[PDB]
Amino acid sequence: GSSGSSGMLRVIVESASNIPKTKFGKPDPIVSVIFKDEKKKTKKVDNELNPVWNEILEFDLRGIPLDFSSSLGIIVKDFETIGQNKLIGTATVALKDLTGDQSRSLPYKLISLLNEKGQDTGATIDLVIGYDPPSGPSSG
């Protein structure tokens, strides 16, 4: 364990609320984060409108900093449904604001989720993304 940071993006998932129920009752919502070709999702929540994951995610950049082009992809759907085109909502977090030469963690809450059509689904999800600039002898 050498002393040195190689760029790492942490994506904390608190919980969601205001989810569009279903005819049956309550679907199985699940957070799905995608960054640096890394698909990481949170523990699927059973029949519950406001699922509470309160988990922490991490992504290795390998000395690769952020840019105005870098962003996080947040997609929420119903586990019970995989193939079907059932989509609860989505949201993209532009890390262009977190970019810089000094760690910066901005709490992203009250995010409006949009369906595959781009219409306000009426669901909100809290997330805390933290950026960390790489630094050390091993540059890549």
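Scoring rules and cut-offs
Residues numbered from 1 in each chain as written, not as in the entry; some residues may be left out. Heavy atoms only, no water. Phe/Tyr/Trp six-rings, centres within 6.5 Å; stacked < 30°, edge-to-face > 60°. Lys NZ or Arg CZ within 6 Å of the ring centre and 35° of its normal. Helix = DSSP H or I, 4+ residues; strand = E, 2+ residues; numbered from the N terminus. Polar contact = N/O pair within 3.5 Å; in protein donor to acceptor, adjacent residues only side chain to side chain. Buried < 20%, exposed > 50% of the residue type's maximum accessible area, 1.4 Å probe, protein only. Pairing = 2+ DSSP bridges.

- What the entry reports as its method is solution NMR.

**Some thoughts on the packing of aromatic side chains**
Consideration 1: Applying the stated criterion across every chain yields a total of one aromatic pair.
Consideration 2: In this arrangement the basic side chain of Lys 23 is found over the ring face of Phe 24, its NZ or CZ atom lying 4.5 Å from the centre.
Consideration 3: For the cation-ring pair, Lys 40 lies above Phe 59, with the distance from its terminal atom to the ring centre recorded as 5.5 Å.

**A few points about the side chain of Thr 81**
Consideration 1: Structurally, the position occupied by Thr 81 is in the loop between β5 (71-78) and β6 (89-94).
Consideration 2: Polar contacts involving the side chain of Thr 81 include one to the main-chain carbonyl oxygen of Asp 78, which spans 2.7 Å.

**Some details on the pairing of β6**
Consideration 1: Only one face of β6 is buried, namely the one carrying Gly 89, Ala 91 and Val 93, since none of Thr 90, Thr 92 and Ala 94 on the opposite face is buried.
Consideration 2: Of the pairings in the sheet, the one linking β5 to β6 comprises six bridges and is antiparallel in character. Within β6, the position partnered with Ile 75 by the bridge is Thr 90.

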